[PDB]
Every structure is written in structure tokens, then in C-alpha cells.
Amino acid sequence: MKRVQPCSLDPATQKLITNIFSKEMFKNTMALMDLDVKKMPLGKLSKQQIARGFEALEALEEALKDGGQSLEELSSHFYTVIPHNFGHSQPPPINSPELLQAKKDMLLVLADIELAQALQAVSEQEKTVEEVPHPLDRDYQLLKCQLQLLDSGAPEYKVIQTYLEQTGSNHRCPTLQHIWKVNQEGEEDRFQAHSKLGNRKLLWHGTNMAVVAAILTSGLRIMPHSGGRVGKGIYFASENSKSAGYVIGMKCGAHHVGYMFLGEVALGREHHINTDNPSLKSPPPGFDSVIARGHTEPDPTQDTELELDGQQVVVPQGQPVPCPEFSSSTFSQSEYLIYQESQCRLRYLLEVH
């Protein structure tokens, strides 16, 4: 019989680690994406199954752009591969660009749930050693990501807080519970690459709870099939309220809990757009980033800076104001895009209620 060593983690970190590997959270997330968890249990999810789902969607995408299979028939093949639940009614046909991307976005979420399952697989060393870490220490270590909980007088705390409060929703701003500094090493070497690239900004990336572990483990990624209004890159916001839109928020006791990242993004020379372009896969030549400019922007006169690994990083601190030059933009709020994973380094994780 093996000894379980005592947990080394502070309370807030233990809760985080509990939340982001929770089987309940994962099944909840699946149910909310209309998946049939009884026909697709967590332990049954495979890379192969997900791979076959993307093949099914690629066949649908081809048909949507000659005597081939109908949309109904190719949809029915997708649903055999990826079981959906719609109260045992038939599931609906995937017959629009918008519906196709939605199913691609579901599968990207499902792939990160599977990643978290695979990550947890018990290694052979773990079966032979006579003492095991506390389960939360084990799950934390699996991330290969250092998290340090910040207190009230850490030098960046008030800056982060102010960013959150000034750019979050005016009426029900998310309430800050905790901030962790995130050091995922081996984001470090690729990010050093862009050392001479100026114009760094600390930016929001909101996501659902089911992909936080994957992100902590592998960073923000551009996956085949990633997409959206500014194409195939990694999306950020200067306004917390835009990013908060993507935080599902899991019910725990009397409140909702959710998680948001702050990434240091090396934007370099910016290309500004004012109309949607879902077909972008890089900035134009000689640009390092694409900013889909909002009707509003956090008041640039209130921008401050932080020093992170020797470099100045802009942090907005102002309430959003109007930008007359982009008053007719298709975007109400800015979307900041990079098209290389190495241009972002995760820096903070926030818990918000």
C-alpha cells in the first residue's frame, strides 16, 4: 500500500487544479456542446475519433463549395462519428458556413478535453514508486507549468485589477478572486525569438474551463481548422468584456466560476482592418499582426507599462473611448490577431466570479 504525500498547494491553487481537471466540468462542457456523453464517455474519447470527426467535417466543407453525397448524408456520417444528443430527435444537417465552423469549434474544444484525459494517464514509474504525490500535486505537475498565486501588493496586481475593472462590462463586471503568474517554460525560447520586435501589449484571452488545462500545458495554439472573423490565428482583446464573452462560467455553490488569461503579445508592425476577413492566414507582407479595429478602444492616454523579463509591455488602464477613424468598422470592439504561436507568451491566469 502506497503512501499519499501531503498536498503542497495553497487553497486557491488546489481549487483551480480541481476545477480544470474535473470530470463533471468536462461532461458539463460536452453536454453544453450537445454531445452524447453516455455514448462518448471521457475515458472513451480518442485522438482517432476526433481525427475522424474532422475528416467528416472536411467532407462537408467540400460539398458546401457534382453527384457527391448530400449534406444530410455527410452530416449523418459526422454524427455517427461524434454522437450528439438532441433529446433523441434526429440531429440537424450541417448546411451553412456558420454551422460548419461551430462543429469545428466544438471538435477543437473536444480535442483539448481529450488532451487533458491523455495527460492524466498513469505512467509506469507512477505504478512502481511506493509513495505518490497528493492527486492535486500530481495534476499540477502534469501541466509542466509554474503557477504562482499573487497577493494584493505584488507589483502588477493593481495594474491587472485596473485593466479588468476599466475594460470589463460597466454593469456586471466580473469580480476578481485570484491572479496567478504563469511561467510555462519552453514558451520561453520561442518567445525570445521576437526579442527585437517592439510593440508588446498585455491582452485578454477568455476561454471555457474545459480548455484551461490544455492551454496551461501547451500554450495558445493555432490548430488546423481554427477560424473566425479574422482567420486562422490566435485571438485576443484589449477589452476584457469582449474576452469575457467566451467564458462559459461553471456553477459552483451559489456563484459562477471562470478563468481568463493575460498574454504578452509581440504585435510588432500592426495591420489594421475594419471589415471581417475569415480567410486570413498571416498578416500582409511586412506586418507582424492584424488588428480588427473596434468602434472603441481602452483610452490610450491611460496606457501604462509593465516590465516582464526585461521588456516593456503595454497594459491598458483606461475605459473604452470612441475611435472616430473606425466608427464604421464591422467590429464593435478590437480583435488582436497573431498568426505564429511564438508571438504570445502566457503571463497571468485570473479566476473571476
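Just count from 1 along the sequence shown to find any residue number.
The question of which stretch, 146-154 or 103-111, has the higher mean Cα B factor is settled in favour of 146-154.
The deposited model assigns a higher average Cα B-factor to 191-199 than to the other stretch when 244-252 and 191-199 are compared.
Within the selection 85, 207, 274, 177, the deposited Cα B-factor values reach their highest point at 85.
The top Cα temperature factor in the record, among 217, 128, 226, 162, falls on 128. In the PDB entry, a CA B factor belonging to the lowest third of its chain's modelled residues is recorded for residue 293.
Looking at the C-alpha B-factors along this chain, the one for residue 60 belongs to the highest third. Among the modelled residues of its chain, residue 301 has a C-alpha B-factor that falls in the highest third, as given in the PDB entry. Ranked by Cα temperature factor within the chain, residue 186 sits in the highest third according to the deposited record. In the deposited entry, the Cα temperature factor of residue 320 sits in the middle third of values across the chain's modelled residues.
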